[PDB]
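Protein sequence lines correspond, in order, to chains A, B, C, D, E, F, G, H, I and J.
Letter by letter, the first sequence follows residues 71 to 107, 111 to 156 of the UniProt record's numbering.
Going by the UniProt record's numbering, the first residue of the second sequence is number 29, and it counts up by one from there.
Letter by letter, the third sequence follows residues 5 to 41, 64 to 116 of the UniProt record's numbering.
Going by the UniProt record's numbering, the first residue of the fourth sequence is number 1, and it counts up by one from there.
Going by the UniProt record's numbering, the first residue of the fifth sequence is number 1, and it counts up by one from there.
Going by the UniProt record's numbering, the first residue of the sixth sequence is number 16, and it counts up by one from there.
Going by the UniProt record's numbering, the first residue of the seventh sequence is number 14, and it counts up by one from there.
Going by the UniProt record's numbering, the first residue of the eighth sequence is number 332, and it counts up by one from there.
Going by the UniProt record's numbering, the first residue of the ninth sequence is number 38, and it counts up by one from there.
Going by the UniProt record's numbering, the first residue of the tenth sequence is number 10, and it counts up by one from there.
Virtual Cβ for every residue (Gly too), placed ideally from N, Cα, C.
Let me begin by presenting the structure, written as structure tokens, before commenting on it.
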Amino acid sequence: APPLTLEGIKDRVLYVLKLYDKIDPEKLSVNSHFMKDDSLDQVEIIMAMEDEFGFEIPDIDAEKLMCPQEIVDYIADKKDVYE
Amino acid sequence: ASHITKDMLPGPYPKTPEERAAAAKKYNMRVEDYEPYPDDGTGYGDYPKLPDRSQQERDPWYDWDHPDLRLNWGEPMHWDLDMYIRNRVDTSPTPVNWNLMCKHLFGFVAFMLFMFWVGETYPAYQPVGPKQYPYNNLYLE
Amino acid sequence: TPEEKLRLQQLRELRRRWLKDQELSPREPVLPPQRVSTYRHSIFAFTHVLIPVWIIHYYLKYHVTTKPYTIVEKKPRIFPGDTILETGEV
Amino acid sequence: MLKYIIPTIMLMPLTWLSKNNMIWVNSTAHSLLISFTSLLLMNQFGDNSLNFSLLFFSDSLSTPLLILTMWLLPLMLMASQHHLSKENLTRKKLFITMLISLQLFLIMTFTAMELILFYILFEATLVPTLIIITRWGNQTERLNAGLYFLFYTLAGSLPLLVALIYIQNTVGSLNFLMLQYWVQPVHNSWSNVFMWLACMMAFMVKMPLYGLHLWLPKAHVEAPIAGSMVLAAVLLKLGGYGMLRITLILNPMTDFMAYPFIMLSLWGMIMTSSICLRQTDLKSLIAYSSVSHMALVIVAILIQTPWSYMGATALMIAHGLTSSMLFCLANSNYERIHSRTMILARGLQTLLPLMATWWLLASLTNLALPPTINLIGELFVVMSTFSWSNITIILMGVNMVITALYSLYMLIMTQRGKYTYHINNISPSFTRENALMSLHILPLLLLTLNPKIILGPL
Amino acid sequence: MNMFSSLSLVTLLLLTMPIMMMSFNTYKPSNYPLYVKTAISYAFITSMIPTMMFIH
Amino acid sequence: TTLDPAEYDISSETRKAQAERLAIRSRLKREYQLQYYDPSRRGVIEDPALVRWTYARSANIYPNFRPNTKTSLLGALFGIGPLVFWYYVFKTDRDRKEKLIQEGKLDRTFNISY
Amino acid sequence: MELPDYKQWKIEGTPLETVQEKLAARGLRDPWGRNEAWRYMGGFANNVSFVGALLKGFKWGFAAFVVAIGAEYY
Amino acid sequence: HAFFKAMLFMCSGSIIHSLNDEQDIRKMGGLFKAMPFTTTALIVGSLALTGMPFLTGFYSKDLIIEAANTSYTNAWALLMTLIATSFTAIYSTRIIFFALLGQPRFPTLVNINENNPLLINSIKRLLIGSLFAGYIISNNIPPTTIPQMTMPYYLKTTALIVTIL
Amino acid sequence: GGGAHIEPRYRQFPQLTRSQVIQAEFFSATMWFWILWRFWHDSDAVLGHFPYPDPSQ
Amino acid sequence: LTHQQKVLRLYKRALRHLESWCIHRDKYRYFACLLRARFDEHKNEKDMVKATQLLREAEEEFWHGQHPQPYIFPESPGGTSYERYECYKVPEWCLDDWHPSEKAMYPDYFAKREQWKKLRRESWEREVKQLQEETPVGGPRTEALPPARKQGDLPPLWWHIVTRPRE
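Take a look at the structure:
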């Protein structure tokens, strides 16, 4: 019964940048590309959304998730976000 | 009206490399572990060249299986191995063969001998001899 | 991966655009069309329960005089002897 | 039948005599008017018996059986118009006349008054049904199945003329079943065994056994246009009732050799039900179901002693409406998907929600919901053969358990998702698809209100 | 004494009334979960009556 | 039981040229989706994997068949086998019941039904 | 909407967070703790109690037996 | 018994609809996350499910396991039926200790809701009848059989102690 | 969508409506009013007992 | 699948199997960095059997004692109510046959419905112009140019570009 729009995920992807204590809250907001910040930096960076979102994170979600806004892009396709 | 290799034929050694895949592409170039050699054992009424059995089996189980639909629902093109037993069947879990349930049902097999015994409440057991004295022996006076 | 970069940018301009298209309700688009058209508790229950009472009781009063086995009510289960009889019991 | 064959033969000089496309609405219109005349003069009383007029009719006194024979001709013309309208008008009208001619021999049959008029009418069929398989059928391998449709029924029925004329010249005359009062007994010999053998074996050709029944999933598999004569082939299989006429008398006491007909129809009963859970055809799916609980009635007859004639009277019409209704379900969902293979029908129940009720109640007549006309007779088959011995409930009860799966094995195939295909199959179940789908349960549960007329002598 | 089981037959009859009103024969403005709940609501006190006559 | 099912094996570098077996099916998948996407189809796909399935299963097994082995004559141990056995049960039945029905009585006297 | 701001929780009490002090003999150490310490602290240590809380705090378990008993009693 | 789980699945059904997708005993939290009433409704049911000290089904559960005193059983039966009285009791606290006791943990956007008088009408109608179930019906009944009326030393009420441990 | 009767949260303990808690409180007491008839008046065995029934002489 | 990314397929599920067994949140969180020290045994090395024997002993103690009825995240390949929304089930294009006075409602929706079809009605002068060109002979996965070199419409138009939304 509660709906959802684009603004909820724009909070959370930017928030977990500061939640992870290895990444300071001085990086870029939506496009940091994660190479300027092999395992545990492509899985651990989304192991927190395994706790919060956690829709099992399929195998193709790793190679797309470099661009941190390209993380956000397909969730609205999955979560069926407004308009 | 499809007549060219409309079904299987009397195989499986009528130049089996020219079977797969001039048509009925169960194998790519007759080395794919699915060349039509697997006529189980023939002589019977089994499958001939038969784009059929002993190919990798025991489940189409509706997996994650995203590169096409391709699991069981959504028609991959030509990969038929066996059917009509698999819309309700699965792969292997974490435990293995061990038939402990017959040993688990053997828990009453010890107490099946206890079904021969009696269940009177009072008095206690004292199982040493005939001093328990169950029934009526003597008269009133 | 740099290959799908142009992918899913025009798709969001097509799929969500189709969902922008799918989000469409012009002035509550029911016409319906044509045509139109608590305290009582007067006939909503009276049609419901109060009417079939008389029909089925008539189906039992006109039943006992016809069928030789009507209601087959059991014995008295009486420990003393009472005024329905003439004798008493201790 | 005083004048029952008489009005329906006048329906024949009306097809090619008529105009253009009016021929469908005219042929259905006259046809239902005979249905009241069937109901009116029949259903009279009633105590042994109603010898009707003369040497051509005994009025079907002990078993009515004749009302069901007359529903179907104003029931299949609305069904056959699905895929027939592609030919010349003179060729289409011939296809109408041959089905009407099929009823007229069967109108005189089932009453028949005699036995020497029986066999010529018992063989008066198989001429129009065979032509329907040849022209305007489906794809190839028709012609061998037309030959398997012959060469069995004709192979077994010819010793009846060896049997019956051997009775006619020996003891009296078989013109009258009611002049069969004096009947000599039949002892065990090496000549009398064959006398009973030819008397019985021809009737096993039509209602099948575990043997000799390979032809039956050929005519139903390779079948005409959309279940057109297939509905008539339902009455063609159940219409082997004449064992009730004959073996009620005329060597009744030979039961020493009854056993291999009891046993073969019993292990073959439980077997042919499970011989179709891995079948890949819809029209073959109902066909092997139509073997099993049609093979149920045979042990109700060779075992004598009523409380067995009671249910066996009703079990002929049990699948006779039901399997006719299932073929109406199978004749539909083929004008829209032009292959009869069941696996391709994934993703139903959403495009056609209106006929989805009709799938439910139809397959609810195999589980059969004991206040119906199906489990009211199967309890009497229980009531008979349990008095035979205590073992007979086992193999017969599992038949009630295998078809529990085997019916719901079809229902669950309708429920799937996303359907992968089908820019065709749009049509949301037009008027012809659902009005013809009616008038099957509509008399069936109607007969379950007061099921008194569905009872033999008995 | 005739009304010992007569109220039971009334209880065994009004269940059909939401089914008789499914045939769109001047049916109620739909509210069908509400209408069914009302249909159950009056049968309970009807069911309550012959329990008192049995225990006497 | 059914099965282990051996979901893991070894690699690196067994059969380096064995890959692109998906190139067989992706060419068919390209032939699938090009057939699937069109502005006017209005019909089912031919799908010859199901055409070659039932017709080589329902038919073309008796032309395949020969009785050149006894494991094809092995159906004698399943068809006619228990069919004698039920009669071997039932011939012992119905006569032991009859002798107690002929000689002596055991039934109740109110057995009208039956 | 904008309730999860950063530098808000900033783990201060949380005896559950003493395990991050336990790994000081190994050293991991900083990143991170705020995930598991999202909703443990604050008024989220309300911590409904033992058998008394299934008696509901002894708040109503034995209220009205002494007030009902009793009068008349002659 | 008919009073019990039609309440309980429905009382637990409001909890699952509150989260709307996990239905696991994992990720639940404590009882008091603004959840006053339905936690009070469970402990009525869960304590009855321990084996009825004086709750709803006391006049039926107790008069049978103490009717197992005079019997002629396998005597493996009384060594099997009475042990499950503990196993029935540990079912109760398992949803207390894992869904109603610990620290709050489940995923975010906490969209809980307990305000619908449609549901409040259902729960209030049951528990009034639920507690007075075995205590009004059995209070007025014509008797049929003879009671036990002898329950000796070390043999009388220790199945309640089986529930305690 | 239509109504904002109960607010969405981000684990800040969104408060209750403070009227369900009254009915929550009431039926925690009348169930322990029923601790009256548990002992008062009801005992574990209102039967009497046997003196290890020896004296046959 | 490759040998280096075979580590990644196990690494996510190594911790995902553990939170099934935990009771707290920090109890699971304390074993995240605690299990990381075992992963920090061989940090960066060659790709040979020394990297395979780290995985060859990851056969045992990963499948051995694996996930006694774990968390499933119910909208998944498994799990309860995974495909529960099927009374609706999104019948996209069930709306061909209407025979109107049933097409009376949604007037502007049908006026836009025929509008999008011209994008699909005119794509094979562009999509099939590159469909013969982009595929070399019979090769790999057959997505087009993701801009189609002028305007990508879609390439997967329109059954995938207007694919089924969930509710």
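Check, Outcome
"In chain order, each alpha helix (DSSP H) run of at least 4 residues that lies wholly inside the region 34-70 of chain F", "37-51 and 63-69"
"Three-state secondary structure (DSSP) of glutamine 415 (chain D)", "strand"
"Contact residues within the region 439-461 of chain H, judged by C-beta distance below 8 Å to chain A", "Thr439, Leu440 and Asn442"
"Residues of the region 43-67 of chain F with Cβ closer than 8 Å to any Cβ of chain B, in chain order", "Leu43, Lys44, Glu46, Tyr47, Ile60, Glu61, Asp62, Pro63, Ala64, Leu65, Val66 and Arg67"
"Listed by chain order, chain B residues near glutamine 75 (chain J) by CB distance under 9 Å", "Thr122"
"Exposure label - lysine 127 (chain J); buried when at least 16 CB within 10 Å", "exposed"
"CB of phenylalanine 100 (chain F) within 8 Å of CB of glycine 73 (chain B), strictly", "no"
"Reduced DSSP secondary structure (H/G/I, E/B, other) of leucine 66 (chain D)", "coil"
"Neighbourhood of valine 90 (chain C) by C-beta, 8 Å cutoff - its chain only, sequence neighbours within 5 removed", "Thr96 and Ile97"
"Proximity test, Cβ basis, 8 Å: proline 72 (chain A) and chain H", "yes"
"Any C-beta of chain H under 8 Å from that of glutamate 77 (chain A)", "no"
"Members of the region 7-36 of chain E that neighbour chain C once the beta carbon cut-off is set at 7 Å", "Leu9, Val10, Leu13, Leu14 and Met17"
"Against chain J: residues of the region 94-107 of chain F by CB proximity under 8 Å", "none"
"For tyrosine 37 (chain J), the first and last residue of its enclosing alpha helix (DSSP H)", "35-48"
"Meets three-Cβ-pair contact criterion under 8 Å: the region 64-78 of chain I and the region 77-87 of chain A", "no"
"Cβ distance (whole Å) where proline 371 (chain D) is taken to contact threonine 247 (chain D) below 8 Å", "About 33 Å; that fails the 8 Å criterion."
"Close beta carbons around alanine 124 (chain D), own chain, < 6 Å, minus the five adjacent residues each side", "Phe105"
"Within-8 Å CB hit, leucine 351 (chain D) to chain J", "yes"
"Paired residues, beta bridge with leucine 348 (chain D) - DSSP", "D:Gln415"
"CB contact below 8 Å: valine 171 (chain J) versus chain A", "no"
"Cβ-based burial, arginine 48 (chain B) [other Cβ within 10 Å; buried from 16]", "buried"
"Of the residues D:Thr420, D:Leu329 and D:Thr414, the one placed nearest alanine 435 (chain D), counting alpha carbons only", "D:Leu329"
"Where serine 27 (chain F) falls: helix, strand or coil (DSSP)", "coil"
"Segment contact, 8 Å Cβ cut-off, at least three pairs: the region 430-446 of chain D with the region 317-337 of chain D", "yes"
"Same chain only: Cβ atoms within 8 Å of residue 9 (chain J), ignoring 5 sequence neighbours per side", "Outside the shown range of chain J, which is 10 to 176, sits residue 9 (chain J), and nothing can be said about it."
"Segment limits, alpha helix (DSSP H) that includes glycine 344 (chain H)", "335-350"
"Assigned exposure category for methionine 120 (chain A) - 16 Cβ within 10 Å defines buried", "buried"
"Interface flag, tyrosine 23 (chain F) vs chain B, CB-CB below 8 Å", "no"
"Under 8 Å by beta carbon: chain H residues contacting residue 115 (chain G)", "Residue coverage of chain G in this structure runs from 14 to 87, which leaves residue 115 (chain G) outside it and unanswerable."
"Chain M contact for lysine 138 (chain J) (CB, 8 Å cutoff)", "In summary, chain M is missing from the structure at hand, where the protein chains are A, B, C, D, E, F, G, H, I and J."
"Close Cβ partners of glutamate 85 (chain B) (< 7 Å) along its chain, the five nearest in sequence each way excluded", "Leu109 and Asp110"
"7 Å Cβ cut-off: residues of chain J touching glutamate 49 (chain G)", "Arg34, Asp35 and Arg38"
"Enclosing alpha helix (DSSP H) for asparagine 83 (chain F) [first to last residue]", "From DSSP, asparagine 83 (chain F) is part of no alpha helix (DSSP H); its letter is neither H nor E."
"Span of the alpha helix (DSSP H) around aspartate 47 (chain D)", "No alpha helix (DSSP H) holds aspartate 47 (chain D); DSSP gives it neither H nor E."
"is_contact[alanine 66 (chain I), chain G] using C-beta, thresh 8 Å", "yes"
"Cβ contact check for the region 137-155 of chain B and the region 398-407 of chain H: 3 or more pairs under 8 Å", "yes"
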